[PDB]
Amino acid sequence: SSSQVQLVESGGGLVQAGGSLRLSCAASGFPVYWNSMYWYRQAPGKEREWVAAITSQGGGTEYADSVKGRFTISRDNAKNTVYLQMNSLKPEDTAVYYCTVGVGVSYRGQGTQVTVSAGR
């Protein structure tokens, strides 16, 4: 049942530039270890932007150039959750972040709002 597949993102919020955030994508209805998964972001008006991917099994991880060295994607196979560690946050990182899974049949979460402000 495709219905049983669920992705729920949390961790978003307000944070100052240079700060850090940990996003969680909690998955149910399927095992995260066996399914490549992706983080996307979407700012209003601008087009959707792929952020990172974690391949099933040991296939590794990949990152968009804008985030290389700043973000880390990881996976907890037991808890069936995928994380996005966000460090050295800039204002251009403001967007809705959501996770997705699936080839041919794609599923996605609603997203979690991340706002990065500049400070003194």
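Numbering starts at 1 and runs along the sequence shown.
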| item | value |
| --- | --- |
| Of 64-72 and 30-38, the one with larger mean CA B-factor | 64-72 |
| Comparing 93-101 with 14-22, the one whose average Cα B-factor in the PDB entry is higher | 14-22 |
| Assigned third (lowest, middle, highest) for the C-alpha B factor of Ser88 | highest |
| Lowest, middle or highest third - CA B-factor, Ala43 | highest |
